[PDB]
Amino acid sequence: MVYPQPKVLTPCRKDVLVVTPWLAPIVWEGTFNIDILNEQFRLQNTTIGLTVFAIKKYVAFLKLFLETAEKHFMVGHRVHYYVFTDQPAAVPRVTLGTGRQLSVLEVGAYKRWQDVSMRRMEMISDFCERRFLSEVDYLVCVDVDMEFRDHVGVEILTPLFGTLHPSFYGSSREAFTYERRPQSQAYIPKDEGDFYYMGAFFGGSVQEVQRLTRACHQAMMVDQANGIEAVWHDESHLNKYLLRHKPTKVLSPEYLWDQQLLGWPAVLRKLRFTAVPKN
């Protein structure tokens, strides 16, 4: 199988950081050859599960989410969508490519938006436990208020990954809106932190995502019993987890963007997965 030779003295991306200081790749266009990666993942018959919550009104976001995932997400690989919803009948029946399936998991609806967002960790954890284990190799956990606009593939796959929050990738850490109160399990001292990861897109092997979600859930319970809610809820706890358990890949903001709020800067060669306007 024949492709351009990587040249040691002529890096493709010179404008951005492409590896973290613990040697995890930062995934940007021009750092990867998808043909090589597709072959590596196909030879293992990799199955990717994608979890998405659509509780109450967010069922309205599923049709575009799913149609655009069919176009752009892991195309050519085996995919299992897990749609968590309080309204199984409102899931649109989208036609899927071969080797792709969708399961609907009915769950309860929490009243507050915070708890719906926060209780995802518990629900991914869940107990949807020996089920994710037998069914898929990797789990990808995303917001439903989104659409795919370009390739999201096996380049993201790794034991544990997070995604750079699009409104903080160019900032310094004291500007990061981590939880700064030490009463919270989510507390990160002001002199600490690598990146600000966004809550809408994380994943990894099933064992690592279960660890993560179990820890974030146990940490959120400790805070509740202590009468505190972290400033950005699950995102706060995700950031704390990924500080202490560093991801083995970091996705660039190509993988989580909002063209309406942020435009299309030159540093972004593709906008792959983006926010859909809402109230």
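The numbering used is simple: start at 1 and walk along the sequence shown.
**Student:** Relative to the other compared entries, is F127 without coordinates in a third or more of them?
**Tutor:** Missing in at least a third of the others, so yes.
**Student:** I'd like to know whether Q207, which is modelled here, goes unmodelled in a third or more of the other compared entries that cover its flanking residues.
**Tutor:** Residue status for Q207: no gap in any other entry.
**Student:** Do the C-alpha atoms of 70-78 or of 134-142 have the higher average B factor in the entry?
**Tutor:** So the stretch with the higher mean C-alpha B-factor is 134-142.
**Student:** Mean CA temperature factor from the deposited coordinates, higher in 100-108 or in 119-127?
**Tutor:** Here the higher of the two C-alpha B-factor means belongs to 119-127.
**Student:** Take the CA temperature factors straight from the PDB entry and tell me which of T95, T158, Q185, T85 peaks.
**Tutor:** Among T95, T158, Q185, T85, the PDB entry lists the largest C-alpha B-factor for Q185.
**Student:** Going by the entry, which of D223, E254, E39, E235 has the most elevated CA B factor?
**Tutor:** Highest CA B-factor of the listed options: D223.
**Student:** Using the temperature factors of the C-alpha atoms in this entry, rank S171 within its chain: lowest, middle or highest third.
**Tutor:** For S171, whose C-alpha B-factor we compare with every modelled residue in the chain, the answer is the highest third.
**Student:** Lowest, middle or highest third of the chain for the C-alpha temperature factor of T10?
**Tutor:** Answer is highest: the recorded C-alpha B-factor places it there.
**Student:** Place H151 in the lowest, middle or highest third of its chain's C-alpha B-factors, as listed in the PDB entry.
**Tutor:** It falls in the bottom third of the chain.
**Student:** Looking at the temperature factor on the CA atom of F201, which third of the chain's modelled residues does it land in?
**Tutor:** Bottom third by C-alpha B-factor.
**Student:** Based on the deposited C-alpha B factors for this chain, I'd like to know if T213 is in the lowest, middle or highest third.
**Tutor:** Its C-alpha B-factor, which the entry lists for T213, ranks in the middle third among residues of this chain.
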